[PDB]
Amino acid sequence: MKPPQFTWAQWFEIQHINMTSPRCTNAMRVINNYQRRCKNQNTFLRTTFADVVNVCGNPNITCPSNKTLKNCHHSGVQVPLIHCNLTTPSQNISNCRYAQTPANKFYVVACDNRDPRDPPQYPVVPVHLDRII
């Protein structure tokens, strides 16, 4: 899944922060081309990477998706988000059609120590979107 030219944190940014267009069909092509498959579902948080890093400093909690992981952090505040839902698949990635559903919700993110390629300014960085509450 994860392309090797990217860190975990940079891949989190591709998939869940940086929407290259306000519409899901357009926005998703970036992710799908790297994945070499049309993802069935994907959430974009309308927030900045630095804001998610501040959330990574909130007190650690158990990851809702996996009760044995403990590197998760609740956002404390709500952010707008857009959820992309695959409505027509294709063997041609550029023909994959998406519908979208906006929302304003809390989120829970999983965070890890930074890779040398991330900027030194962030010792801990987001690596997985665990749960949209």
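Just count from 1 along the sequence shown to find any residue number.
- Set 60-68 against 93-101 and average the Cα temperature factors; 60-68 ends up higher.
- Stretches 27-35 and 40-48 differ in mean C-alpha B factor, with the higher average recorded for 27-35.
- Per-chain ranking of the deposited C-alpha B factor places residue 14 in the lowest third.
- When the modelled residues of the chain are ordered by their C-alpha B factor, residue 127 lands in the middle third.
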